[PDB]
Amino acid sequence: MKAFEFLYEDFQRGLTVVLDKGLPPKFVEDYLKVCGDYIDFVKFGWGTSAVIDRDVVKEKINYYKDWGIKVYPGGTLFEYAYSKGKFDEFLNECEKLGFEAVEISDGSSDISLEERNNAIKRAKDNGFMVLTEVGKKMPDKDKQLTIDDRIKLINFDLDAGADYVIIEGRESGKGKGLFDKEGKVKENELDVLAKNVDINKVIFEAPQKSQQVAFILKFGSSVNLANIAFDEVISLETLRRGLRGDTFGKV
């Protein structure tokens, strides 16, 4: 039970996906005792997994598993392996390490629709949950994706068997996807998503508190959010509950 349980009001709580960019192992064990109940998935950011000791990676995945949290490596790592013709070795290693999900992305590389479709299907066939990601890392490339382009890709990924589709904003949440150079949500672009796709299948990267607030006020506390800093999981739950100033009386 929570402290002040008498104040709790039941609600439809969206997904929380954390960015883990290299948390220490015992720290993860400790940390989950405070906020493990509010984490659904964790991304080991980009290629961070590939720099960490193999047993430490396995260890961490188990700690998350003790709280029912599925872990995936970043799509950037998939893209690196894919570009080297080592996608199979990538899936095999993922299975051996214990990742329950994989992210398929094309943020840093050119992957055709057919290649993308087939990578999703191969990952699914191997028993992984699959999250895809729509967006490009670099602003010159990302700018070439219109909102209608993003919508088409979301539904393409779902058709291929993706479980969820992530809308990219990077850890910075600046100048990429739905966010302008100052990190403010592009309201018009976001409306065109709200009316064209199944929002329950979409996860919005929202690393900044101001972004989390904007998404909660627009879609409700049922909104799915990703790239949540590990130390803002509790904050995010308070925002969903109207127990932080930004959403008090508004949720």
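From 1 onward, residues are counted along the sequence shown.
Asker: Per the entry, where is the mean C-alpha temperature factor higher: 73 to 81 or 120 to 128?
Answerer: Result of the comparison: 120 to 128.
Asker: Which is higher on average in the deposited entry, the C-alpha temperature factors of 38 to 46 or of 216 to 224?
Answerer: Stretch with the greater average CA B-factor: 216 to 224.
Asker: Name the residue from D157, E93, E114, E103 with the greatest C-alpha temperature factor listed in the entry.
Answerer: Highest CA B-factor of the listed options: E114.
Asker: Quiz for you: based on the deposited Cα B-factor, which of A194, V57, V202, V28 is highest?
Answerer: Of the options given, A194 has the highest CA B-factor in the PDB entry.
Asker: With respect to C-alpha B-factor, does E89 fall in the lowest, middle or highest third of the chain as deposited?
Answerer: Within its chain, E89 is a highest-third residue by C-alpha B-factor, going by the deposited values.
Asker: With respect to C-alpha B-factor, does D163 fall in the lowest, middle or highest third of the chain as deposited?
Answerer: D163: CA B-factor falls in the lowest third of its chain.
Asker: For the chain shown, is the CA B-factor of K65 in the lowest, middle or highest third of its modelled residues?
Answerer: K65: CA B-factor falls in the lowest third of its chain.
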